[PDB]
Amino acid sequence: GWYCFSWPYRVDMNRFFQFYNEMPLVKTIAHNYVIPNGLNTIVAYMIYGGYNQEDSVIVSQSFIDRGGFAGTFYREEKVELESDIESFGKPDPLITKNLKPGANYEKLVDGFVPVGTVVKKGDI
Amino acid sequence: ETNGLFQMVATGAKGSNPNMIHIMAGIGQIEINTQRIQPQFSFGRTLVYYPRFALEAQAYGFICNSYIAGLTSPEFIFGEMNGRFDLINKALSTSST
Amino acid sequence: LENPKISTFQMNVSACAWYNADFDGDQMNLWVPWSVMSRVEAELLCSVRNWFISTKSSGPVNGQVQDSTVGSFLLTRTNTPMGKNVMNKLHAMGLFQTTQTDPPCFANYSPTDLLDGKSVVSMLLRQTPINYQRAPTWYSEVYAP
Amino acid sequence: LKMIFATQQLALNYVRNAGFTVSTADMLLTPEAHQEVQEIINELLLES
Amino acid sequence: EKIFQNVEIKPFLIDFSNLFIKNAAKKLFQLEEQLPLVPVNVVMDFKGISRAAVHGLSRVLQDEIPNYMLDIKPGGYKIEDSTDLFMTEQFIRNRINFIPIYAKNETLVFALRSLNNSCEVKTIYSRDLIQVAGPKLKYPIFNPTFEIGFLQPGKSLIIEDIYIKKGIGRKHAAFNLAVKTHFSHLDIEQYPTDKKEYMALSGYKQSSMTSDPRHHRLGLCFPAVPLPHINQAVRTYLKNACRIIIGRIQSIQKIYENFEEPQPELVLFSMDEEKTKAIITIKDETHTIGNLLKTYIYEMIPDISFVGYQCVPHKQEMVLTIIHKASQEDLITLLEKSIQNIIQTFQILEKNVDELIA
Amino acid sequence: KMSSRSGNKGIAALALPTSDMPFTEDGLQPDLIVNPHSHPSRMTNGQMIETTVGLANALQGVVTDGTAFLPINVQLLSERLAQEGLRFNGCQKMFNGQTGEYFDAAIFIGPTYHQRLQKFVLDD
Amino acid sequence: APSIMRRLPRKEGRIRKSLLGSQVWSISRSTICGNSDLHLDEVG
Amino acid sequence: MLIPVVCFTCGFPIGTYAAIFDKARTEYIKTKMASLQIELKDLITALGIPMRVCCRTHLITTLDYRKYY
Ligand SMILES: [Mg+2]
Ligand SMILES: [Zn+2]
């Protein structure tokens with residue numbers, strides 16, 4: 001849920017921000033001091049094909065697509081230069097030396113990946 | 001013929017008769033190691049809510065209310081002691097086994 | 001599962017008794033044997049059909065749990081609240097849609113024939129005929145008075 | 001195992017049209033029965 | 001003949017007689033009348049048609065009918081440097097996606113250029129979606145009263161490519177057209193469900209296992225149709241649902257008529273008791289077509305040994321098994337007759353739609 | 001993973017589109033289809049009472065405080081449900097989504113606060 | 001510093017971790033979930 | 001952050017009337033203020049929102065981000 005209201009400024013790790021939250025239809029005094037995190041889902045207590053057996057739930061695909069419990073998950077990458085010899089840059093194709101097989105290595109404008117760019121598994 | 005909870009309990013699908021009796025009629029007596037709640041709070045007091053050397057059955061873990069009727073504060077405290085004892089035993093299970 | 005949006009390991013509910021698992025968030029390791037020797041051994045020795053009968057207690061571990069138990073009760077009970085527990089030809093035919101076995105023969109039944117709740121079970125059990133005679137868990141002396 | 005699966009599918013497909021549910025009214029005692037329960041508990045309290 | 005008894009259309013209109021509603025509307029949109037697009041609740045009575053067909057029409061109109069949504073082209077959301085921090089592309093794209101648009105042209109492209117120079121939190125309403133593409137909107141395709149994301153002071157929000165995408169609501173819920181508002185069978189008696197003894201039952205006096213209703217009342221609500229063009233839009237929706245059903249059924253019929261040449265969609269066996277088993281496997285086919293086929297096959301072949309379908313949630317396919325006491329040619333001819341019965345049923349439904357709503 | 005406020009966890013494993021979701025004659029359909037077997041042993045009556053109260057609150061358009069140890073009369077809440085136009089229990093006449101066939105037994109469907117536990121499957 | 005003999009005992013030691021157990025390749029782990037349309041001897 | 005553009009459960013476009021409704025509810029609470037004793041049933045239905053548990057549930061309970069940040 002809304003864990004912190006300054007999330008865009010912070011650089012958080014393994015932090016999930018949920019776009020939509022609702023006050024419970026049956027609220028308690030604990031919500032006078034904390035922010036509710038969760039939606040007032042219409043839930044049918046029924047057997048529907050045996051896909052909810054043993055603590056499973058059948059979720060409406062439309063509910064998922066409409067933003068139900070959907071937010072953004074944040075991870076960050078961070079390292080520090082060991083010494084002067086270390087610097088941030090797209091690597092020297094001429095020198096190269098010990099490098100990484102695969103490891104696309106492109107998209108590193110001025111050594112970094114520009115904002116708004118999708119980074120896949122192998123990308124650098 | 002139509003009660004879902006009873007049909008779950010009776011056919012053995014899930015639950016037991018004590019669960020149904022607790023939910024609808026009344027919890028009854030709380031036992032921690034086959035004995036009532038011992039007066040741990042003070043010398044002869046089971047809880048702050050009950051007088052010293054209390055003799056009513058409620059003071060030692062007797063829950064008159066059912067789960068559906070709602071448990072009062074000391075009844076809930078006794079139920080929490082029993083439940084926490086169960087959680088402690090379950091956690092002991094993995095290590096000792 | 002060729003749906004790319006699914007990432008969970010999916011198992012039949014009745015297969016949980018082998019691993020004492022539930023779906024409250026449990027995780028289970030899975031590895032595929034790639035060598036010929038391990039593949040042969042896995043299919044011939046470690047197949048879960050071997051562990052249908054418990055080594056510990058010599059009884060069966062698997063069976064119907066929860067919705068299958070109560071569903072079987074509803075299917076085989078004599079009287080629904082609306083009346084006798086019967087279904088037309090189409091719904092008796094539809095009970096066998098998802099069993100994946102060879103469906104039985106309903107040519108003997110007109111569309112208006114009311115197939116009993118136990119007749120459809122007997123249609124399935126005919127492939128593996130057995131003899132069984134016990135009191136059900138439904139009949140209990142506590143509830144009886 | 002095959003018969004477990006097939007009987008499971010018969011049960012589930014029957015439930016698909018019979019429907020099964022649990023309600024808060026399934027746990028609700030009629031007031032006269034509530035009085036009977038309270039009288040039973042009062043008997044226990046009388047013995048104590 | 002009479003397969004669509006009587007329709008009725010009640011648009012959901014704002015009741016300005018409530019003082020608060022009118023005051024707020026005039027305050028923050030300067031609105032004093034009904035919006036250009038309003039949701040209408042169409043209630044249909046179908047008589048003499050099987051439940052499978054009525055429910056298939058309902059399911060098609062719910063999600064399996066093509067529909068349009070507003071979407072952002074890849075790169076439409078401009079990163080810039082002073083964009084709002086809280087209005088991420090995911091959140092705003094979700095807000096824009098589910099805006100119910102009644103668009104007759106796909107060449108329209110909108111842009112969202114919002115600036116908050118002031119020191120307050122300015123909200124972006126859908127009237128700020130300016131359109132720069134194709135033909136100018138003679139009538140708007142969405143209400144200008146939606147709450148797209150808000151902007152912090154000094155923060156802007158630019159989305160330079162908002163385009164109209166097409167798809168079925170089965171894959172993405174933003175195409176979901178008709179919401180359900182009613183379903184009932186008029187040929188089955190109902191208990192007084194308020195009473196305690198019938199309280200735990202469905203209400204119908206016939207078990208679902210045995211009952212075979214032929215008279216139904218289906219009520220669907222459509223989210224956005226133009227105010228002056230309500231009835232014609234409803235007619236187009238219903239006729240398009242009939243088109244979709246008929247087209248899928250006709251594709252199935254094409255696979256059927258191509259049975260002479262072995263094709264992977266249809267296989268045939270010769271069972272040991274002279275029976276021939278027909279297996280039809282169709283990828284990405286929903287319960288609609290399968291249930292229609294099963295119901296109609298069983299309706300015309302009462303003494304069929306077995307007909308059943310299974311749309312497993314995985315494998316994303318419909319499998320229909322037919323076992324009968326007839327030769328392969330006879331079985332194929334019969335099931336093609338059933339297919340033609342389905343086609344006729346939906347053609348009659350569409351003719352009734354044309355001559356009923358008017 | 002997904003849970004209610006009564007501590008009833010559940011893995012969501014089924015994505016049913018809107019057409020396949022079961023519905024009522026009112027038109028209401030669930031977002032989550034919780035198995036009724038989760039109740040009798042877990043004994044989470046709070047979730048059921050919360051559903052019953054939320055059914056009446058949503059119709060009245062209010063939000064009610066359901067804090068612990070507040071005076072609770074389930075019989076009176078069910079009477080209130082009846083007075084709101086629903087049945088004495090929260091049950092409704094429900095139609096199977098895929099086949100369009102009504103269930104023989106009315107199905108208890110109503111709002112219930114549900115939370116998304118931060119145990120994403122893609123993470124682990 | 002941990003000497004040679006400290007490497008052996010306890011769970012994290014050489015024996016109870018590297019010898020009696022092992023880490024392996026070509027193995028996957030995930031959350032389980034129900035699937036009523038799978039045979040008992042099938043996994044999704 | 002905002003009231004959803006469409007009801008999560010059924011996709012009814014409550015987001016159309018959400019912007020009117022928050023203001024209407026604010027004036028409604030001002031004319032009377034328990035905190036949530038008010039019955040917004042008539043206020044909600046005046047906007048065209050039908051008698052659906054889901055739409056009203058998601059309309060009257062969604063938290064607005066601007067009211068918190
Ligand atoms: Mg577990
Ligand atoms: Zn809704």
# chains A, B, ... in the order shown; residues from 1 in each chain; ligands from 1
call {"tool": "residues_around", "arguments": {"residues": "residue 30 (chain G)", "least_positions_apart": "5", "cutoff": "12 Å", "atoms": "only C-alpha atoms", "output": "count of residues only"}}
result
20
call {"tool": "residues_around", "arguments": {"residues": "region 15-30 of chain A", "least_positions_apart": "2", "cutoff": "9 Å", "atoms": "only C-alpha atoms", "output": "ChimeraX atom specification"}}
result
/A:1-4,7,12-13,32-40,67-75 /E:91 /F:50-51,53-55,57-58,62-68,111-113,118 /H:1-4,57-58,60-64
call {"tool": "write_last_selection", "arguments": {"atoms": "C-alpha atoms", "output": "mmCIF file, in the first residue's frame"}}
result
data_model
loop_
_atom_site.group_PDB
_atom_site.id
_atom_site.type_symbol
_atom_site.label_atom_id
_atom_site.label_comp_id
_atom_site.auth_asym_id
_atom_site.auth_seq_id
_atom_site.Cartn_x
_atom_site.Cartn_y
_atom_site.Cartn_z
ATOM 1 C CA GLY A 1 0.000 0.000 0.000
ATOM 2 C CA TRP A 2 0.954 3.637 0.524
ATOM 3 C CA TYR A 3 3.969 2.829 2.680
ATOM 4 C CA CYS A 4 5.483 6.298 2.230
ATOM 5 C CA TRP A 7 8.353 7.428 -2.593
ATOM 6 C CA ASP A 12 13.881 2.129 -2.073
ATOM 7 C CA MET A 13 14.627 -1.581 -2.402
ATOM 8 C CA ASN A 32 -8.273 6.352 12.611
ATOM 9 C CA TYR A 33 -4.474 6.321 12.883
ATOM 10 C CA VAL A 34 -3.218 4.196 9.962
ATOM 11 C CA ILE A 35 -3.984 4.288 6.250
ATOM 12 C CA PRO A 36 -6.017 1.322 4.958
ATOM 13 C CA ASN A 37 -4.191 -0.829 2.412
ATOM 14 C CA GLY A 38 -6.496 -3.102 0.439
ATOM 15 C CA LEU A 39 -9.748 -3.047 -1.487
ATOM 16 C CA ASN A 40 -13.322 -3.907 -0.516
ATOM 17 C CA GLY A 67 -5.976 -2.093 -11.130
ATOM 18 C CA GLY A 68 -7.012 -4.314 -8.237
ATOM 19 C CA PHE A 69 -3.978 -4.793 -5.984
ATOM 20 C CA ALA A 70 -1.774 -3.602 -8.861
ATOM 21 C CA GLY A 71 0.953 -1.067 -8.178
ATOM 22 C CA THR A 72 4.634 -0.527 -8.849
ATOM 23 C CA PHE A 73 7.599 -2.436 -7.425
ATOM 24 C CA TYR A 74 10.929 -0.666 -6.966
ATOM 25 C CA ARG A 75 14.491 -1.986 -7.054
ATOM 26 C CA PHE E 91 -1.172 4.591 -13.179
ATOM 27 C CA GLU F 50 -17.924 -8.335 8.127
ATOM 28 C CA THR F 51 -19.415 -9.550 4.847
ATOM 29 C CA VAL F 53 -22.455 -5.916 7.675
ATOM 30 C CA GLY F 54 -20.782 -4.637 4.520
ATOM 31 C CA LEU F 55 -23.683 -5.875 2.422
ATOM 32 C CA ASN F 57 -23.473 -0.706 4.513
ATOM 33 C CA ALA F 58 -22.879 -0.678 0.759
ATOM 34 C CA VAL F 62 -22.379 4.249 4.923
ATOM 35 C CA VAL F 63 -19.204 3.049 6.633
ATOM 36 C CA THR F 64 -19.647 1.362 10.007
ATOM 37 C CA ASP F 65 -17.177 0.846 12.844
ATOM 38 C CA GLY F 66 -16.660 -2.836 13.587
ATOM 39 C CA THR F 67 -13.950 -2.561 16.219
ATOM 40 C CA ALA F 68 -13.327 -5.500 18.516
ATOM 41 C CA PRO F 111 -18.095 -7.149 0.234
ATOM 42 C CA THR F 112 -15.067 -8.013 2.334
ATOM 43 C CA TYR F 113 -11.831 -6.116 2.862
ATOM 44 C CA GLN F 118 3.865 -8.695 -0.106
ATOM 45 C CA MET H 1 -4.803 7.365 -5.525
ATOM 46 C CA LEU H 2 -8.112 8.378 -7.104
ATOM 47 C CA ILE H 3 -11.500 6.739 -7.397
ATOM 48 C CA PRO H 4 -11.102 4.148 -10.185
ATOM 49 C CA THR H 57 -18.722 -0.095 -2.374
ATOM 50 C CA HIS H 58 -15.817 1.106 -4.503
ATOM 51 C CA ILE H 60 -17.937 5.519 -1.220
ATOM 52 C CA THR H 61 -14.803 3.885 0.227
ATOM 53 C CA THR H 62 -11.911 4.659 -2.138
ATOM 54 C CA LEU H 63 -9.240 6.810 -0.517
ATOM 55 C CA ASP H 64 -8.316 10.020 -2.326
#
call {"tool": "select_by_dssp", "arguments": {"residues": "region 1-41 of chain B", "states": "alpha helix (DSSP H)", "output": "ChimeraX atom specification"}}
result
/B:4-10,17-24
call {"tool": "write_last_selection", "arguments": {"atoms": "C-alpha atoms", "output": "compact mmCIF listing (two decimals), in the first residue's frame"}}
result
# COMPACT_ATOMS: atom_id res chain seq x y z
CA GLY B 4 -23.42 -25.43 4.63
CA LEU B 5 -21.41 -25.38 7.85
CA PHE B 6 -23.14 -28.46 9.21
CA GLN B 7 -22.76 -30.32 5.92
CA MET B 8 -19.05 -29.51 5.94
CA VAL B 9 -18.71 -30.73 9.53
CA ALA B 10 -20.90 -33.84 9.31
CA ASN B 17 -18.25 -30.92 16.37
CA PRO B 18 -16.37 -28.83 18.98
CA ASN B 19 -15.82 -26.15 16.34
CA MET B 20 -19.56 -25.97 15.66
CA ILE B 21 -20.42 -25.93 19.36
CA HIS B 22 -17.88 -23.17 20.00
CA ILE B 23 -19.15 -21.11 17.06
CA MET B 24 -22.83 -21.33 17.93
call {"tool": "residues_around", "arguments": {"residues": "region 20-36 of chain E", "least_positions_apart": "4", "cutoff": "10 Å", "atoms": "only C-alpha atoms", "output": "PyMOL selection string"}}
result
(chain E and resi 12-16+125+127+139-145+224-228) or (chain H and resi 16-17+19-28+43-44+46-47)
call {"tool": "write_last_selection", "arguments": {"atoms": "N, CA, C and O atoms", "output": "compact mmCIF listing (two decimals), in the first residue's frame"}}
result
# COMPACT_ATOMS: atom_id res chain seq x y z
N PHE E 12 -28.99 5.83 -17.83
CA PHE E 12 -28.72 6.24 -16.45
C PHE E 12 -28.35 7.71 -16.47
O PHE E 12 -27.24 8.09 -16.84
N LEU E 13 -29.29 8.56 -16.08
CA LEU E 13 -29.13 10.00 -16.21
C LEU E 13 -28.93 10.65 -14.85
O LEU E 13 -29.47 10.21 -13.83
N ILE E 14 -28.13 11.72 -14.85
CA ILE E 14 -27.87 12.47 -13.63
C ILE E 14 -29.14 13.18 -13.20
O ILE E 14 -29.82 13.83 -14.00
N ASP E 15 -29.49 13.05 -11.92
CA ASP E 15 -30.68 13.69 -11.37
C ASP E 15 -30.26 15.01 -10.73
O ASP E 15 -29.94 15.08 -9.54
N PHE E 16 -30.28 16.08 -11.52
CA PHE E 16 -29.85 17.38 -11.04
C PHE E 16 -30.77 17.95 -9.97
O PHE E 16 -30.40 18.93 -9.32
N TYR E 125 -8.90 16.78 -15.69
CA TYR E 125 -10.12 16.11 -16.10
C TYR E 125 -10.03 15.76 -17.58
O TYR E 125 -9.23 16.32 -18.32
N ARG E 127 -11.64 16.47 -20.05
CA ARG E 127 -11.78 17.56 -21.01
C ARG E 127 -10.43 18.09 -21.45
O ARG E 127 -10.35 18.77 -22.48
N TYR E 139 -19.01 14.91 -32.38
CA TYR E 139 -19.55 14.54 -31.09
C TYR E 139 -18.47 13.85 -30.28
O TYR E 139 -17.75 12.99 -30.80
N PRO E 140 -18.33 14.19 -29.00
CA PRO E 140 -17.25 13.61 -28.20
C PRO E 140 -17.42 12.11 -28.03
O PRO E 140 -18.54 11.58 -28.00
N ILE E 141 -16.29 11.41 -27.93
CA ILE E 141 -16.30 9.97 -27.71
C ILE E 141 -16.11 9.61 -26.25
O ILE E 141 -16.10 8.42 -25.92
N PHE E 142 -15.95 10.59 -25.37
CA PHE E 142 -15.94 10.29 -23.95
C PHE E 142 -16.41 11.51 -23.18
O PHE E 142 -16.38 12.64 -23.67
N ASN E 143 -16.86 11.27 -21.96
CA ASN E 143 -17.31 12.35 -21.11
C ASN E 143 -16.11 13.16 -20.62
O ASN E 143 -15.05 12.60 -20.36
N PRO E 144 -16.26 14.47 -20.50
CA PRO E 144 -15.14 15.30 -20.04
C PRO E 144 -15.04 15.37 -18.52
O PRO E 144 -14.38 16.27 -17.98
N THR E 145 -15.69 14.45 -17.82
CA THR E 145 -15.79 14.50 -16.37
C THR E 145 -14.95 13.44 -15.67
O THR E 145 -15.11 13.24 -14.46
N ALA E 224 -21.10 3.43 -22.20
CA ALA E 224 -21.06 4.73 -22.86
C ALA E 224 -21.69 4.60 -24.24
O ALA E 224 -21.13 3.93 -25.11
N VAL E 225 -22.84 5.23 -24.43
CA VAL E 225 -23.45 5.37 -25.75
C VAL E 225 -23.90 6.82 -25.89
O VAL E 225 -24.27 7.45 -24.89
N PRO E 226 -23.87 7.39 -27.09
CA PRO E 226 -24.23 8.80 -27.24
C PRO E 226 -25.68 9.05 -26.86
O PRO E 226 -26.56 8.22 -27.10
N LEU E 227 -25.92 10.20 -26.25
CA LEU E 227 -27.27 10.53 -25.78
C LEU E 227 -28.30 10.62 -26.91
O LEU E 227 -29.39 10.04 -26.77
N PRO E 228 -28.05 11.32 -28.02
CA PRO E 228 -29.07 11.37 -29.08
C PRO E 228 -29.15 10.11 -29.93
O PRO E 228 -30.09 9.99 -30.73
N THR H 16 -16.74 8.32 -14.10
CA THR H 16 -17.39 9.48 -14.71
C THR H 16 -17.93 10.41 -13.65
O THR H 16 -17.68 11.62 -13.67
N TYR H 17 -18.68 9.87 -12.71
CA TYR H 17 -19.37 10.65 -11.69
C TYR H 17 -18.56 10.77 -10.41
O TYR H 17 -19.05 11.38 -9.45
N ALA H 19 -15.89 12.57 -9.84
CA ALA H 19 -15.48 13.95 -9.62
C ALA H 19 -16.62 14.81 -9.10
O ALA H 19 -16.38 15.77 -8.36
N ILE H 20 -17.85 14.52 -9.51
CA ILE H 20 -19.00 15.17 -8.91
C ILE H 20 -19.22 14.66 -7.49
O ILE H 20 -19.54 15.42 -6.57
N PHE H 21 -19.05 13.35 -7.30
CA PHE H 21 -19.45 12.73 -6.05
C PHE H 21 -18.59 13.18 -4.88
O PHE H 21 -19.10 13.33 -3.77
N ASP H 22 -17.28 13.36 -5.07
CA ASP H 22 -16.47 13.72 -3.91
C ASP H 22 -16.91 15.08 -3.37
O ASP H 22 -17.07 15.26 -2.16
N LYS H 23 -17.14 16.03 -4.27
CA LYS H 23 -17.61 17.35 -3.86
C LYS H 23 -18.99 17.27 -3.23
O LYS H 23 -19.25 17.90 -2.20
N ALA H 24 -19.89 16.49 -3.83
CA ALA H 24 -21.23 16.37 -3.27
C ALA H 24 -21.17 15.79 -1.86
O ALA H 24 -21.85 16.28 -0.95
N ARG H 25 -20.34 14.77 -1.65
CA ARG H 25 -20.19 14.19 -0.32
C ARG H 25 -19.59 15.19 0.65
O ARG H 25 -19.95 15.22 1.83
N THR H 26 -18.65 16.02 0.17
CA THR H 26 -18.04 17.01 1.06
C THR H 26 -19.08 18.02 1.55
O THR H 26 -19.16 18.30 2.75
N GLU H 27 -19.90 18.55 0.64
CA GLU H 27 -20.98 19.43 1.08
C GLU H 27 -21.98 18.69 1.96
O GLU H 27 -22.52 19.27 2.91
N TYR H 28 -22.23 17.41 1.69
CA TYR H 28 -23.16 16.65 2.52
C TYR H 28 -22.65 16.52 3.95
O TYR H 28 -23.41 16.70 4.90
N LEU H 43 -27.79 10.35 -2.34
CA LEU H 43 -26.78 11.16 -2.99
C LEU H 43 -26.11 10.39 -4.13
O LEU H 43 -25.84 10.96 -5.19
N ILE H 44 -25.83 9.11 -3.91
CA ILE H 44 -25.13 8.32 -4.91
C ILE H 44 -26.05 8.05 -6.10
O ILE H 44 -25.65 8.20 -7.26
N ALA H 46 -28.55 9.74 -7.09
CA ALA H 46 -28.86 10.95 -7.84
C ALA H 46 -27.92 11.14 -9.02
O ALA H 46 -28.25 11.89 -9.95
N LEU H 47 -26.77 10.48 -9.01
CA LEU H 47 -25.78 10.62 -10.07
C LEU H 47 -26.00 9.62 -11.20
O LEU H 47 -25.26 9.65 -12.19
call {"tool": "interface_residues", "arguments": {"of": "chain G", "to": "chain D", "cutoff": "9 Å", "atoms": "only C-alpha atoms", "output": "list in words"}}
result
residues 36, 37, 38, 39, 40 and 41 of chain G
call {"tool": "write_last_selection", "arguments": {"atoms": "N, CA, C and O atoms", "output": "compact mmCIF listing (two decimals), in the first residue's frame"}}
result
# COMPACT_ATOMS: atom_id res chain seq x y z
N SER G 36 -7.58 -28.06 -10.35
CA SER G 36 -8.51 -29.17 -10.31
C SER G 36 -8.57 -29.95 -11.61
O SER G 36 -9.20 -31.02 -11.64
N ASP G 37 -7.96 -29.45 -12.67
CA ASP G 37 -7.99 -30.11 -13.97
C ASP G 37 -6.70 -30.86 -14.28
O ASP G 37 -6.49 -31.24 -15.43
N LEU G 38 -5.85 -31.07 -13.28
CA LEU G 38 -4.64 -31.86 -13.43
C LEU G 38 -4.82 -33.22 -12.78
O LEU G 38 -5.41 -33.33 -11.71
N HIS G 39 -4.30 -34.25 -13.43
CA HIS G 39 -4.27 -35.57 -12.81
C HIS G 39 -3.42 -35.53 -11.56
O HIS G 39 -2.56 -34.67 -11.38
N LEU G 40 -3.67 -36.48 -10.66
CA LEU G 40 -2.94 -36.51 -9.40
C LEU G 40 -1.45 -36.69 -9.63
O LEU G 40 -0.63 -36.20 -8.84
N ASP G 41 -1.07 -37.38 -10.71
CA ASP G 41 0.33 -37.57 -11.05
C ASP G 41 0.81 -36.57 -12.09
O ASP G 41 1.66 -36.89 -12.92
call {"tool": "closest_atom_pairs", "arguments": {"of": "chain H", "to": "ligand 2", "cutoff": "9 Å", "atoms": "only C-alpha atoms and all ligand atoms", "output": "JSON lines"}}
result
{"residue": "H:6", "atom": "CA", "partner": "ligand 2", "partner_atom_place_in_ligand_line": "1 (Zn)", "distance": 7.7}
{"residue": "H:7", "atom": "CA", "partner": "ligand 2", "partner_atom_place_in_ligand_line": "1 (Zn)", "distance": 4.6}
{"residue": "H:8", "atom": "CA", "partner": "ligand 2", "partner_atom_place_in_ligand_line": "1 (Zn)", "distance": 6.6}
{"residue": "H:9", "atom": "CA", "partner": "ligand 2", "partner_atom_place_in_ligand_line": "1 (Zn)", "distance": 5.1}
{"residue": "H:10", "atom": "CA", "partner": "ligand 2", "partner_atom_place_in_ligand_line": "1 (Zn)", "distance": 4.2}
{"residue": "H:11", "atom": "CA", "partner": "ligand 2", "partner_atom_place_in_ligand_line": "1 (Zn)", "distance": 5.8}
{"residue": "H:12", "atom": "CA", "partner": "ligand 2", "partner_atom_place_in_ligand_line": "1 (Zn)", "distance": 5.1}
{"residue": "H:13", "atom": "CA", "partner": "ligand 2", "partner_atom_place_in_ligand_line": "1 (Zn)", "distance": 8.1}
{"residue": "H:14", "atom": "CA", "partner": "ligand 2", "partner_atom_place_in_ligand_line": "1 (Zn)", "distance": 7.9}
{"residue": "H:50", "atom": "CA", "partner": "ligand 2", "partner_atom_place_in_ligand_line": "1 (Zn)", "distance": 9.0}
{"residue": "H:52", "atom": "CA", "partner": "ligand 2", "partner_atom_place_in_ligand_line": "1 (Zn)", "distance": 6.1}
{"residue": "H:53", "atom": "CA", "partner": "ligand 2", "partner_atom_place_in_ligand_line": "1 (Zn)", "distance": 6.9}
{"residue": "H:54", "atom": "CA", "partner": "ligand 2", "partner_atom_place_in_ligand_line": "1 (Zn)", "distance": 4.2}
{"residue": "H:55", "atom": "CA", "partner": "ligand 2", "partner_atom_place_in_ligand_line": "1 (Zn)", "distance": 3.6}
{"residue": "H:56", "atom": "CA", "partner": "ligand 2", "partner_atom_place_in_ligand_line": "1 (Zn)", "distance": 7.2}
{"residue": "H:57", "atom": "CA", "partner": "ligand 2", "partner_atom_place_in_ligand_line": "1 (Zn)", "distance": 8.1}
{"residue": "H:58", "atom": "CA", "partner": "ligand 2", "partner_atom_place_in_ligand_line": "1 (Zn)", "distance": 7.6}
call {"tool": "residues_near_ligand", "arguments": {"ligand": "ligand 1", "cutoff": "12 Å", "atoms": "only C-alpha atoms and all ligand atoms", "output": "PyMOL selection string"}}
result
(chain A and resi 54-56) or (chain C and resi 16+19-28) or (chain F and resi 1+8-11) or (chain G and resi 31-33)
call {"tool": "write_last_selection", "arguments": {"atoms": "C-alpha atoms", "output": "JSON list (two decimals), in the first residue's frame"}}
result
[["chain", "number", "residue", "atom", "x", "y", "z"],
["A", 54, "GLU", "CA", -6.95, -25.53, 0.47],
["A", 55, "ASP", "CA", -6.48, -21.79, 0.98],
["A", 56, "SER", "CA", -6.62, -20.85, -2.70],
["C", 16, "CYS", "CA", -1.17, -32.47, -1.40],
["C", 19, "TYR", "CA", 3.71, -33.52, 0.66],
["C", 20, "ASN", "CA", 1.46, -32.41, 3.56],
["C", 21, "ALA", "CA", 1.10, -29.16, 1.64],
["C", 22, "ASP", "CA", -1.54, -26.48, 1.31],
["C", 23, "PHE", "CA", -1.78, -23.41, -0.91],
["C", 24, "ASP", "CA", -1.41, -20.76, 1.79],
["C", 25, "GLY", "CA", 1.88, -19.73, 0.21],
["C", 26, "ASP", "CA", 3.89, -22.94, 0.28],
["C", 27, "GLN", "CA", 6.81, -23.37, -2.12],
["C", 28, "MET", "CA", 8.02, -26.66, -3.57],
["F", 1, "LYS", "CA", -0.62, -14.18, -1.72],
["F", 8, "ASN", "CA", -7.07, -15.86, 6.25],
["F", 9, "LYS", "CA", -4.23, -16.08, 3.74],
["F", 10, "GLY", "CA", -4.79, -17.39, 0.25],
["F", 11, "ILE", "CA", -2.86, -17.91, -2.96],
["G", 31, "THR", "CA", 4.87, -21.27, -5.05],
["G", 32, "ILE", "CA", 2.40, -24.12, -5.40],
["G", 33, "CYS", "CA", -1.25, -23.63, -6.25]]
call {"tool": "interface_residues", "arguments": {"of": "chain E", "to": "chain A", "cutoff": "9 Å", "atoms": "only C-alpha atoms", "output": "number ranges by chain"}}
result
E: 75, 79, 85-86, 88, 90-91, 94-95, 97-98, 169-170, 172-174, 176
call {"tool": "select_by_dssp", "arguments": {"residues": "chain C", "states": "strand (DSSP E or B)", "output": "list in words"}}
result
residues 9, 10, 11, 27, 28, 29, 30, 53, 60, 79, 80, 83, 84, 86, 87, 115 and 116 of chain C
call {"tool": "interface_residues", "arguments": {"of": "chain B", "to": "chain E", "cutoff": "12 Å", "atoms": "only C-alpha atoms", "output": "PyMOL selection string"}}
result
chain B and resi 1-4
call {"tool": "write_last_selection", "arguments": {"atoms": "C-alpha atoms", "output": "PDB file, in the first residue's frame"}}
result
ATOM      1  CA  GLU B   1     -30.433 -30.498   4.452  1.00  0.00           C
ATOM      2  CA  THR B   2     -29.172 -27.002   3.571  1.00  0.00           C
ATOM      3  CA  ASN B   3     -26.805 -25.738   6.295  1.00  0.00           C
ATOM      4  CA  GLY B   4     -23.418 -25.432   4.627  1.00  0.00           C
TER       5      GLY B   4
END
call {"tool": "interface_residues", "arguments": {"of": "chain C", "to": "chain E", "cutoff": "12 Å", "atoms": "only C-alpha atoms", "output": "PyMOL selection string"}}
result
chain C and resi 1-6+10+75+79-117
